[PDB]
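First comes the structure, then the notes that go with it.
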Amino acid sequence: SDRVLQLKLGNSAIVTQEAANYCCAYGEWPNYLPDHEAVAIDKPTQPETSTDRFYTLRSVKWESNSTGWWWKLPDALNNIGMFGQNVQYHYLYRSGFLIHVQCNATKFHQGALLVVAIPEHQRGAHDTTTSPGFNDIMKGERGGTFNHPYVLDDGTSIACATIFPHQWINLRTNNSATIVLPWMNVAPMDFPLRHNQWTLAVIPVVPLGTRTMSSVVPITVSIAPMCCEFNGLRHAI
Amino acid sequence: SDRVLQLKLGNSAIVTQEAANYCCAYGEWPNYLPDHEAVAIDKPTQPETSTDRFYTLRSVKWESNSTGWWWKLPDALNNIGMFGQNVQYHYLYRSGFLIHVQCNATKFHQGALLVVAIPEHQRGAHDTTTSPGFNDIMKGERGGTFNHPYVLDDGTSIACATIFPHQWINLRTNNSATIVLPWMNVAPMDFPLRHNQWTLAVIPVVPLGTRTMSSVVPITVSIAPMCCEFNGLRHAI
Amino acid sequence: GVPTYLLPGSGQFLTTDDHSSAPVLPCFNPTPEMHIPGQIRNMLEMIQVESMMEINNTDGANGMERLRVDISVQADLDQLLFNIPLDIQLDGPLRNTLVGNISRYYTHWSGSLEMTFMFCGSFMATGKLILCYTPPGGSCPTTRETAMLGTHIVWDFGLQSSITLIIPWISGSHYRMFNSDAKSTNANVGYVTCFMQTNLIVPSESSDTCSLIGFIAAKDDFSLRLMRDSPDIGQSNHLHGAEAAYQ
Amino acid sequence: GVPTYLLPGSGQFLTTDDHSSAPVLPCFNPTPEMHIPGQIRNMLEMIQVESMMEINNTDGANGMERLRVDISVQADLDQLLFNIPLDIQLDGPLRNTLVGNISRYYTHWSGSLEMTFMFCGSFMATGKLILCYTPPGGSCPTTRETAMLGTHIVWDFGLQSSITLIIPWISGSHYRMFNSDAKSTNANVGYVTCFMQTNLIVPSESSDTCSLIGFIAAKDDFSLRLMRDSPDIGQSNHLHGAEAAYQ
Amino acid sequence: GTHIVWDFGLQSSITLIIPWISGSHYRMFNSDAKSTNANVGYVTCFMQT
Amino acid sequence: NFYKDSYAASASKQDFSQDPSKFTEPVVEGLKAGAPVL
Amino acid sequence: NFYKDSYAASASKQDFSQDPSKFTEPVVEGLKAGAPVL
Amino acid sequence: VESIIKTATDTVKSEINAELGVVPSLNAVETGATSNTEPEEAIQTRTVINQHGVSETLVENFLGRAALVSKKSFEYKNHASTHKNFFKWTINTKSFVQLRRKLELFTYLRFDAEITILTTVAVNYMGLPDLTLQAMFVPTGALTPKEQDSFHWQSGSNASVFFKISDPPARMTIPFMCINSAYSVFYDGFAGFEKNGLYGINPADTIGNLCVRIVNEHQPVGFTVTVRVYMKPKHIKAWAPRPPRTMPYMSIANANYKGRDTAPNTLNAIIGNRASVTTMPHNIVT
Amino acid sequence: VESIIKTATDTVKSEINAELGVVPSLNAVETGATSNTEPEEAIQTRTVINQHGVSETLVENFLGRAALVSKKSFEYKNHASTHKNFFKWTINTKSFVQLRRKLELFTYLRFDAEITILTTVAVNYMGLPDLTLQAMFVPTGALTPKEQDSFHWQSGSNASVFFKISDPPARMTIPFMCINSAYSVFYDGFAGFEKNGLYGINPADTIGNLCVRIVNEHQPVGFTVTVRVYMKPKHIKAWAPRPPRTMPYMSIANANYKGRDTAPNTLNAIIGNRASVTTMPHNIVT
Ligand SMILES: CC(=O)N[C@@H]1[C@@H](O)[C@H](O[C@@H]2O[C@H](CO[C@]3(C(=O)O)C[C@H](O)[C@@H](NC(C)=O)[C@H]([C@H](O)[C@H](O)CO)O3)[C@H](O)[C@H](O)[C@H]2O)[C@@H](CO)O[C@H]1O
Ligand SMILES: CC(=O)N[C@@H]1[C@@H](O)[C@H](O[C@@H]2O[C@H](CO[C@]3(C(=O)O)C[C@H](O)[C@@H](NC(C)=O)[C@H]([C@H](O)[C@H](O)CO)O3)[C@H](O)[C@H](O)[C@H]2O)[C@@H](CO)O[C@H]1O
């Protein structure tokens, strides 16, 4: 009942028969920008189905010594489908996100992944005073990996990361995590190519293990923008 | 409809068939001094038609290298007709002004004149610490010319001169500019021979040009005092 | 008496404080007020008046030549005529304008701007131009096919001599600010470019080079915040005569 | 005028004082408020979220290995698996948690704590554990027969993956406090121990060593008092770039 | 394109709906598989995990 | 203001009246939106 | 507050509103006491 | 036309337009009126309830700031063998450019003036004396003291303020005292009935003389004393805004100009140059 | 869900439980929700009317403290032949770790800032001079003074506060001045349209520049003057709490980390080590 779930947006749908309810970040739900909070005065374009749909990124392999993975939003999708086109042709964008992380294995496998959506995850560099560079941060669709997940690559800690919207994928329990993200920013809209509102982090707190036949166990991320709005139309960057 | 106009005051009248509406400085209109603002207690003389009429000054020639012209009020009229006589015989005067600048050419000519009425246009001298002299300021009916119109001969700028009551004479559009000026001063009346309330400035921002037959293109100024009042009668200065 | 205690800040002189103070001349009767034309109550009233942009701010252009942009009959199509940098908080064509000068007494701004251009060629001259506003993000467009994708107005020369390009307030944040970095995400406004839509066409006796005068002003949806000293004026020494005021 | 007199305390600057003070920018209009997700109004809201305890804080355990406790199939009965020191005001497994970090910005505390453990072995793995909370007074129990006499929960692994051990507020005084003496009667909370109730049992193809992740949080009957600087952060020199802020 | 992510479990089967998406009211056969009034598009299946 | 002279009072920052048109549209005949100016 | 700008006022320590559930239970379907979570 | 404005105007959503005879984007600069084209008529807009305030630009606030108008340093010592322990300053608001340029954005101004006097001292070390100073307001061209100890300082009618260096800066308000209804920031005329008078200087706009002395007799050693006077206008009414000053100021007595040696703000070019009218400065090079 | 809480919740007495299908102590951490097991369901409780207040943990109080944000010492003397009697400080809240860590417990913060300035002096003995200082607020990247006596200090529009060392610390409130609805304590982005900009630094979150000078001219001898600035946020609104900082700070410009040389707070181990997971530290040895 709270273990099965179907998500349908646009021409895309996803089902899971081993879910664990689902998270609505801070108890909120995505919505379009109201007139009393608007700033940009040009009429926005609201593409709906062409952008508010699931985009599946390339999978990653969960290995015995993996440290974790991360994908920044909207960067990860800024070059995918019609969402990517609207982003490139407009100076301003706004949207929520429906995140679905997938990972199945066997009843003989064990492992636990923390799936957390971090707002404003400003990365820090290790053992140097030089700030992270553009290429250290903007990985796009491929995403990046954690160097020191223990401190969330920012000098804090993964132990307290549960203060952020999250779920876990504990192999003996579930095979997917779902998190709904509302627009999260101090401004009603933003320039999509230089600022990432959210960072999806998937970290194996308990490593993958088993004594049965060894198989490649992938982790897959599907993300659907929600209530997309774009302003400041011009040429593609 | 807003391109044709007839101005009639006293025994004088002027028509234009190529106007551009007309300007009422600061949205005001000339009027006689009310009892609740009066200071001088002697009964004033209000000549009406003998002074509130159009006075046409000598024309000037618009040349390819002209820098601009200016006429200070009431100085420019202090020696013309009955307005001039009342001014010379009275210590105090008060009046508004109806200004009409004229300049026609050909449909093959181009040029744009800024016609602006500047309140308290205190001139500055160029490259010296010595203040302008009496003869640099009081030109009378002949008026003067701009040395550096770019900075309105006062260290500011013609670019922002549009903050003052004005119109333009853009040859392809109109052949005249009309500006109605109300009494402008911090006192209800003033001594006409030592202080000029307004300065009419006509500056060619876009020089006169054509490839057709070359002809002398004049610029003419006609000014009609309005609601004239004089106090402090004595002998002529 | 009343028991009291002084708080931090006591005795200080804050130039922006607001208190009453001892009248120097008791029983003084100020001169009665008189109606005077042109009263202004909010500086926003002043910046709504359009003033001339110094678009031709180039070496070789002197004085008023800098206040007009000359366009000529072209031999090629879709020609780029000129562009205009848009930070009303930095030096450029927009700095010495009513909106630019007053805005520079502040640090934050918000609102739509309007650029009006008046064609000053002869009556027999015709033409169509396209004025484009490109929101920030990339490099300034250099071709009409690219500029045309942004906000724009196609202008046809005729009896009505002037066209207005509205630069609508399009910003992520409520306000934009000055911080001396023209490329900052909270400062860059984008670009304005002008191309021939068709071409300037004139007969033999009309000048074949004509001028445009561009004006700019704020609309009434404008707002300015955080007063600061203007960078447009300064002094190194005493002005002439200043010391004589003591003699 | 009004006769007055200054009281002791006049002119002082108390960092915790609460008074109004001169506005630097008169007539400044702050940016309109906008709804933003996740507003927090009381720090007690934050400590109610459970976070990971660093139970395996031992030499040889690096990084995340310290955040999980491994249990193996035992050969003997009633085996002790691990214990956890309970002073959320001292360094130990509970210090770097949401409740621990925030509580350490205070000196007094009161309320129930909750420890939740999630079993992360394979689905085919089964087992029963007993988690015990022993109120203060003696030495930490080392046998199940002794620990079992205190507050406890017997946990059976199954579909519901996690168990919660409530550490009820059991104190003589309204609040407990930190004073750097872990054995003080007003500080010591007691102990938490975990023993096999039966045993961890798994088939040949399941890993025979499984991990538990322990979390802790405060319940809503919690209260913190007497703010103080946190001992979890400090500096000896200027941070890099600090002095450059003056250049 | 249009899709469904299928998770194996107790419910053994998944359904992919191929919605009627055509410019014309009907499609037709004319022995030319690449004709604009015949080609329906494609169905592909990949591993999600 | 505890002083007897009103001019000694603190500032008066409450005059929100405006009339931009005296500077922006000082034309005798009002210009209608959309209609040709001339 | 004797200052004309409201932001100059003393602190506002009277907002006792709370909603821990936005952090503690951000699940779409509420969890009932005693009932199996899954 | 007049109305109460407390926030920037809202924006109303607009639709597509294709109407013959309606051309809101066309205007006629020649009329002297500023374009009335609204955003809603130039592009398709959305609805926006704008809450941005407009109070920081109120004239009262714009000019309502205590700005430095006078700074005078002199030697406090035995002047047996120059400002001998006192000075006289003909009040004017044209010596310091920041205040001057702002006031000159207007033609006429009516306001009361809050005066604040700040004093600092330095030994020419055995400590700094807490001296008492006297600032006496002496009307236009009126009789000023000629010695630190003349009888004139008895100030029988002139207003005098005595203050200590250890006290907060002295402060008092000079009312709007012009003989006219407003001060003339600019004056296109001559202040006298003859032709040799000074141009642009209306005596009616000179608040007066400020005579400041150290009351204490000189000490055995000399000190440098600096007096700074600040002025803040309030209860302000302003008329006829003007083009802002661009060329550097040259004198306090006139608007004479010369311009900087090179742009910006040179007589020949106010704005700095760019390579050409198609050269975009600060172009984004991504 | 939202409600007014003024005291810790009461406890209700509970009885024995033996109900099939009811397992309050079991939970599912995977859902992301924190355990909802109540004490009453875990053990048998008594009734307790809890009167413990919760006001000291209100965000307004937690962050409502004047914390040191700037400390600058410079030499006040004749600098004929370094901060020459004045300095400029780009305001930031990242230099002192105690305030920084607390602010960083949140993602976004909206607040007004009460600024208090404390000044102390020491002779480089004949007594301590009661100097007058000037602190001028100069906006972001705006024009700052380059000399103790430049014209810039005339502060025509910038706000300036003049205070004496003998007076109580100067104080004033800077309003919430962000161009956004709240300050970004953390910023996962680049402040410019090009790719070479600084990461994690949103200019919109820099309150501005603080320019402080000694107004007095130099004395015959030199002094060391130290200026301390304190900031206290008020009228606070906070959003999205975050994991507390564990690794020592390295720079004010980023979150770079290295960790202590040995636990506690080393990159490899945040908590200090104990012999084993069955070793009870501070075990009571009765
Ligand atoms: C400081 C910075 O971020 N960049 C500097 C460049 O801007 C500078 O290049 C010159 O910049 C000039 C800026 O124009 C103003 C201004 O500050 O906005 C215009 C002011 O009206 C003017 N004020 C006065 C009283 O004249 C002001 C002033 O001249 C300068 O501050 C004095 O240097 O300049 C302008 O655009 C010039 O045309 C341009 O070359 C370069 C020069 O090397 O240095 C950068 O650090
Ligand atoms: C002071 C006292 O009563 N007992 C001392 C022992 O506690 C100490 O043994 C070490 O104690 C360490 C305590 O952990 C903290 C703390 O003070 O709570 C954790 C803080 O986060 C940390 N702060 C920072 C910025 O790193 C802090 C700090 O490192 C120390 O104060 C610096 O010394 O420590 C911890 O548990 C160690 O693992 C433990 O060995 C002994 C050491 O000889 O001295 C006793 O006096």
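In the structure tokens, each chain is lettered A, B, ... as it comes, each chain's residues begin at 1, and ligands are numbered from 1 in order of appearance.
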Practice task
Show me which residues sit within 6 Å of ligand 1 when counting only C-alpha atoms and all ligand atoms, and put them as a ChimeraX atom specification.
Solution key: /C:90-91,180,231-234 /H:263-265,272-273
Handout entry: Surrounding residues of range 104-111 of chain B excluding itself and chain neighbours under 3 positions, 7 Å, only C-alpha atoms, as JSON, numbers by chain
Key = {"B": [170, 171, 172, 175, 206, 207, 208, 209, 210, 212, 217], "C": [120, 121, 122, 123, 124, 205, 206]}
Exercise for the section: Hey, list the chain G side of the contact with chain I: 8 Å cut-off, only C-alpha atoms, answer as a list in words. Expected result: residues 7, 8, 10, 11, 12, 13, 15, 16, 17, 18, 19, 20, 21, 23, 24, 25, 26, 27, 33, 34, 35, 36, 37 and 38 of chain G
Write the residues you've just listed into a file as a PDB file, in the first residue's frame, and include C-alpha atoms for each of them.
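Done, and the output landed in result20.pdb:
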```pdb
ATOM      1  CA  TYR G   7      13.920  47.761  11.370  1.00  0.00           C
ATOM      2  CA  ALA G   8      15.643  49.761  14.120  1.00  0.00           C
ATOM      3  CA  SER G  10      14.577  45.870  19.538  1.00  0.00           C
ATOM      4  CA  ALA G  11      14.455  42.097  19.027  1.00  0.00           C
ATOM      5  CA  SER G  12      11.279  40.097  18.445  1.00  0.00           C
ATOM      6  CA  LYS G  13      11.411  37.112  20.807  1.00  0.00           C
ATOM      7  CA  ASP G  15       7.335  33.800  17.784  1.00  0.00           C
ATOM      8  CA  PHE G  16       6.466  30.497  19.454  1.00  0.00           C
ATOM      9  CA  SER G  17       5.064  28.826  16.318  1.00  0.00           C
ATOM     10  CA  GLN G  18       6.640  25.503  15.368  1.00  0.00           C
ATOM     11  CA  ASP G  19       6.174  22.709  12.842  1.00  0.00           C
ATOM     12  CA  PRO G  20       8.830  20.012  13.445  1.00  0.00           C
ATOM     13  CA  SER G  21       7.060  17.635  11.058  1.00  0.00           C
ATOM     14  CA  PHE G  23      11.817  18.043   9.153  1.00  0.00           C
ATOM     15  CA  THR G  24      10.810  14.971  11.188  1.00  0.00           C
ATOM     16  CA  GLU G  25       8.009  13.584   9.006  1.00  0.00           C
ATOM     17  CA  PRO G  26       8.167  14.972   5.463  1.00  0.00           C
ATOM     18  CA  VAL G  27       6.420  11.856   4.145  1.00  0.00           C
ATOM     19  CA  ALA G  33       0.928   5.380  15.771  1.00  0.00           C
ATOM     20  CA  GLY G  34       1.422   1.671  16.422  1.00  0.00           C
ATOM     21  CA  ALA G  35       0.674   0.630  12.841  1.00  0.00           C
ATOM     22  CA  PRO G  36       3.459  -1.038  10.809  1.00  0.00           C
ATOM     23  CA  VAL G  37       5.237   1.713   8.848  1.00  0.00           C
ATOM     24  CA  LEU G  38       5.523  -0.469   5.746  1.00  0.00           C
TER      25      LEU G  38
END
```
Exercise for the section: Give me, as a PyMOL selection string, the contact residues of chain I against chain A at a cut-off of 8 Å, counting only C-alpha atoms. Expected result: chain I and resi 28-33+107-108+180-184+186-193+195-196+198-200+240-248+250-251+253-258+267
Restricted to N, CA and C atoms, what would the selected residues look like written as a short mmCIF file (atom, residue, chain, number, x, y, z; two decimals), in the first residue's frame?
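Produced file part.cif, reproduced below:
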```cif
data_model
loop_
_atom_site.label_atom_id
_atom_site.label_comp_id
_atom_site.auth_asym_id
_atom_site.auth_seq_id
_atom_site.Cartn_x
_atom_site.Cartn_y
_atom_site.Cartn_z
N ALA I 28 10.61 2.49 10.21
CA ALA I 28 11.28 2.25 8.94
C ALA I 28 12.09 3.50 8.58
N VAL I 29 13.35 3.51 9.00
CA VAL I 29 14.24 4.64 8.72
C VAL I 29 14.29 4.98 7.23
N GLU I 30 14.11 3.98 6.37
CA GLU I 30 14.16 4.20 4.93
C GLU I 30 13.20 5.27 4.41
N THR I 31 12.07 5.47 5.08
CA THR I 31 11.11 6.47 4.63
C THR I 31 11.64 7.89 4.73
N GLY I 32 12.67 8.08 5.55
CA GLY I 32 13.24 9.41 5.72
C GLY I 32 12.62 10.14 6.90
N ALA I 33 11.59 9.55 7.50
CA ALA I 33 10.94 10.15 8.65
C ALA I 33 11.63 9.69 9.92
N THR I 107 20.63 27.56 5.98
CA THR I 107 20.90 27.77 4.56
C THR I 107 20.63 29.22 4.18
N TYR I 108 19.48 29.74 4.60
CA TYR I 108 19.09 31.11 4.31
C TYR I 108 18.74 31.83 5.61
N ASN I 180 17.80 40.11 -2.45
CA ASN I 180 16.89 38.96 -2.44
C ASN I 180 16.06 38.99 -1.15
N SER I 181 15.16 38.03 -0.99
CA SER I 181 14.31 37.97 0.20
C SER I 181 15.03 37.47 1.44
N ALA I 182 16.24 36.96 1.26
CA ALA I 182 17.04 36.47 2.38
C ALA I 182 18.49 36.33 1.93
N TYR I 183 19.41 36.37 2.88
CA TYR I 183 20.83 36.21 2.58
C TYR I 183 21.08 34.72 2.35
N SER I 184 22.04 34.40 1.49
CA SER I 184 22.40 33.01 1.22
C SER I 184 23.63 32.72 2.07
N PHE I 186 25.00 29.91 2.28
CA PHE I 186 25.77 29.04 1.39
C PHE I 186 25.26 29.32 -0.02
N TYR I 187 26.15 29.25 -1.00
CA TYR I 187 25.77 29.53 -2.38
C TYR I 187 26.47 28.58 -3.35
N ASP I 188 25.73 27.59 -3.85
CA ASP I 188 26.29 26.62 -4.77
C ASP I 188 26.23 27.17 -6.20
N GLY I 189 27.05 28.18 -6.46
CA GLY I 189 27.07 28.78 -7.78
C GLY I 189 28.23 29.75 -7.98
N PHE I 190 28.25 30.38 -9.15
CA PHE I 190 29.29 31.35 -9.50
C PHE I 190 28.67 32.72 -9.71
N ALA I 191 29.26 33.72 -9.06
CA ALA I 191 28.78 35.10 -9.10
C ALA I 191 28.89 35.87 -10.42
N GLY I 192 29.31 35.22 -11.49
CA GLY I 192 29.44 35.93 -12.75
C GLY I 192 28.99 35.16 -13.97
N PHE I 193 28.80 35.88 -15.08
CA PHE I 193 28.36 35.25 -16.31
C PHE I 193 29.48 34.52 -17.04
N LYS I 195 33.11 32.01 -16.82
CA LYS I 195 33.47 30.82 -16.06
C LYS I 195 34.60 30.97 -15.05
N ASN I 196 35.28 32.11 -15.06
CA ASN I 196 36.41 32.32 -14.16
C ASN I 196 36.06 32.98 -12.83
N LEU I 198 34.46 33.60 -8.95
CA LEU I 198 34.67 32.92 -7.68
C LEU I 198 33.47 32.04 -7.34
N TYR I 199 33.74 30.82 -6.88
CA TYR I 199 32.69 29.88 -6.51
C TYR I 199 32.26 30.10 -5.07
N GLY I 200 30.96 29.96 -4.82
CA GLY I 200 30.43 30.10 -3.48
C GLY I 200 30.33 31.50 -2.90
N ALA I 240 15.85 26.05 6.36
CA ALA I 240 16.65 24.85 6.08
C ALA I 240 17.92 24.65 6.90
N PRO I 241 17.78 24.11 8.12
CA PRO I 241 18.95 23.87 8.98
C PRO I 241 19.93 22.92 8.30
N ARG I 242 21.20 23.00 8.69
CA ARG I 242 22.25 22.19 8.06
C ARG I 242 23.19 21.46 9.02
N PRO I 243 23.95 20.49 8.49
CA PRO I 243 24.90 19.73 9.32
C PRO I 243 25.95 20.71 9.86
N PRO I 244 26.22 20.68 11.17
CA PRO I 244 27.21 21.58 11.77
C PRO I 244 28.64 21.35 11.25
N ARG I 245 29.43 22.42 11.22
CA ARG I 245 30.82 22.33 10.77
C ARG I 245 31.61 21.49 11.77
N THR I 246 32.43 20.56 11.28
CA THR I 246 33.24 19.72 12.16
C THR I 246 34.72 19.98 11.95
N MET I 247 35.15 20.06 10.69
CA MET I 247 36.55 20.32 10.39
C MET I 247 36.88 21.79 10.63
N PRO I 248 38.10 22.08 11.11
CA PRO I 248 38.46 23.48 11.35
C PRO I 248 38.32 24.27 10.04
N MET I 250 39.41 26.84 7.11
CA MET I 250 40.70 27.13 6.50
C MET I 250 40.73 28.52 5.87
N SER I 251 39.62 28.92 5.26
CA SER I 251 39.54 30.20 4.58
C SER I 251 38.18 30.86 4.77
N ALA I 253 36.84 32.46 2.35
CA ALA I 253 36.25 32.43 1.01
C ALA I 253 35.63 31.11 0.57
N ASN I 254 35.78 30.06 1.38
CA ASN I 254 35.23 28.77 0.98
C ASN I 254 35.08 27.81 2.15
N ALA I 255 34.55 26.62 1.85
CA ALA I 255 34.34 25.61 2.87
C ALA I 255 35.46 24.57 2.88
N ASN I 256 36.59 24.90 2.27
CA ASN I 256 37.72 23.96 2.22
C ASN I 256 38.02 23.40 3.61
N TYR I 257 38.44 22.14 3.64
CA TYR I 257 38.71 21.45 4.89
C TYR I 257 39.98 20.61 4.85
N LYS I 258 40.53 20.35 6.03
CA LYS I 258 41.74 19.55 6.15
C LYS I 258 41.63 18.64 7.37
N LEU I 267 39.95 14.56 9.69
CA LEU I 267 39.20 14.14 8.50
C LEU I 267 38.81 12.67 8.52
#
```
Exercise for the section: Could you find all residues in range 133-223 of chain D that DSSP calls alpha helix (DSSP H) from the backbone, and write them as JSON, numbers by chain? Expected result: {"D": [144, 145, 146, 147]}
Handout entry: Among the residues D:49, D:14, D:218, D:163, the one that comes closest to chain G [using only C-alpha atoms]
Key = D:49
If we count only C-alpha atoms, what is near residue 200 in chain B at a cut-off of 6 Å, once residues fewer than 2 positions away on the same chain are taken out, given as a short mmCIF file (atom, residue, chain, number, x, y, z; two decimals) with C-alpha atoms, in the first residue's frame?
```
data_model
loop_
_atom_site.label_atom_id
_atom_site.label_comp_id
_atom_site.auth_asym_id
_atom_site.auth_seq_id
_atom_site.Cartn_x
_atom_site.Cartn_y
_atom_site.Cartn_z
CA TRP B 70 20.42 81.98 -26.37
CA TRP B 71 18.24 84.90 -25.29
CA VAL B 116 14.62 74.65 -24.18
CA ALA B 117 13.54 77.24 -21.61
#
```
For chain C, list the residues within 10 Å of chain I, counting only C-alpha atoms, and write the list as a PDB file with C-alpha atoms, in the first residue's frame.
```pdb
ATOM      1  CA  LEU C   6      23.317  55.373  28.695  1.00  0.00           C
ATOM      2  CA  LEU C   7      23.236  52.882  25.825  1.00  0.00           C
ATOM      3  CA  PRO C   8      25.993  52.069  23.342  1.00  0.00           C
ATOM      4  CA  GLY C   9      25.731  54.730  20.630  1.00  0.00           C
ATOM      5  CA  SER C  10      25.318  57.480  23.214  1.00  0.00           C
ATOM      6  CA  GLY C  11      27.122  60.671  22.220  1.00  0.00           C
ATOM      7  CA  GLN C  12      27.790  59.587  18.629  1.00  0.00           C
ATOM      8  CA  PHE C  13      27.149  61.747  15.580  1.00  0.00           C
ATOM      9  CA  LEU C  14      25.532  59.657  12.829  1.00  0.00           C
ATOM     10  CA  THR C  15      25.182  61.736   9.647  1.00  0.00           C
ATOM     11  CA  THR C  16      21.903  59.998   8.824  1.00  0.00           C
ATOM     12  CA  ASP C  17      20.307  60.391  12.262  1.00  0.00           C
ATOM     13  CA  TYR C 105      23.575  58.064  -5.916  1.00  0.00           C
ATOM     14  CA  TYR C 106      22.167  54.642  -5.031  1.00  0.00           C
ATOM     15  CA  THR C 107      23.359  51.030  -5.086  1.00  0.00           C
ATOM     16  CA  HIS C 108      20.277  48.937  -5.828  1.00  0.00           C
ATOM     17  CA  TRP C 109      17.755  49.365  -8.622  1.00  0.00           C
ATOM     18  CA  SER C 110      14.700  47.680 -10.090  1.00  0.00           C
ATOM     19  CA  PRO C 136      22.025  38.425 -20.051  1.00  0.00           C
ATOM     20  CA  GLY C 137      23.784  35.101 -20.296  1.00  0.00           C
ATOM     21  CA  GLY C 138      26.038  35.175 -23.306  1.00  0.00           C
ATOM     22  CA  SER C 139      28.112  37.304 -25.627  1.00  0.00           C
ATOM     23  CA  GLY C 172      15.905  36.745 -11.087  1.00  0.00           C
ATOM     24  CA  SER C 173      16.354  38.886  -7.976  1.00  0.00           C
ATOM     25  CA  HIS C 174      14.058  41.720  -6.909  1.00  0.00           C
ATOM     26  CA  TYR C 175      16.896  44.212  -7.396  1.00  0.00           C
ATOM     27  CA  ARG C 176      20.136  44.456  -9.337  1.00  0.00           C
ATOM     28  CA  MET C 177      23.144  46.152  -7.768  1.00  0.00           C
ATOM     29  CA  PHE C 178      26.405  47.905  -8.531  1.00  0.00           C
ATOM     30  CA  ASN C 179      29.616  46.326  -7.232  1.00  0.00           C
ATOM     31  CA  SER C 180      32.062  47.524  -9.895  1.00  0.00           C
ATOM     32  CA  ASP C 181      31.993  44.104 -11.589  1.00  0.00           C
ATOM     33  CA  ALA C 182      30.102  44.522 -14.872  1.00  0.00           C
ATOM     34  CA  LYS C 183      29.946  40.761 -15.393  1.00  0.00           C
ATOM     35  CA  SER C 184      28.405  39.924 -12.007  1.00  0.00           C
ATOM     36  CA  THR C 185      25.148  37.921 -12.131  1.00  0.00           C
ATOM     37  CA  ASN C 186      23.452  40.619 -10.058  1.00  0.00           C
ATOM     38  CA  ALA C 187      24.621  43.499 -12.233  1.00  0.00           C
ATOM     39  CA  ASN C 188      24.663  42.635 -15.944  1.00  0.00           C
ATOM     40  CA  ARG C 225      17.832  51.808  -2.772  1.00  0.00           C
ATOM     41  CA  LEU C 226      20.892  52.271  -0.559  1.00  0.00           C
ATOM     42  CA  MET C 227      22.149  55.840  -0.870  1.00  0.00           C
ATOM     43  CA  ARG C 228      25.859  56.332  -1.483  1.00  0.00           C
ATOM     44  CA  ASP C 229      28.139  59.137  -2.593  1.00  0.00           C
ATOM     45  CA  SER C 230      28.194  59.575  -6.363  1.00  0.00           C
ATOM     46  CA  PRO C 231      31.397  58.555  -8.198  1.00  0.00           C
ATOM     47  CA  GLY C 234      35.277  64.583  -6.551  1.00  0.00           C
ATOM     48  CA  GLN C 235      37.968  67.000  -5.421  1.00  0.00           C
ATOM     49  CA  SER C 236      41.684  66.853  -4.623  1.00  0.00           C
ATOM     50  CA  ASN C 237      42.205  70.411  -3.420  1.00  0.00           C
ATOM     51  CA  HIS C 238      40.208  73.322  -2.058  1.00  0.00           C
TER      52      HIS C 238
END
```
Practice task
Using only C-alpha atoms, find the residues of chain D whose closest atom to chain A is at most 10 Å away, then write them as a ChimeraX atom specification.
Solution key: /D:32-39,46-54,62-70,96-99,101,118-125,158-161,202-213,215,239-241
Problem - Within 6 Å of chain A: residues of chain E, using only C-alpha atoms, as a ChimeraX atom specification - result: /E:2-5,7,9,49
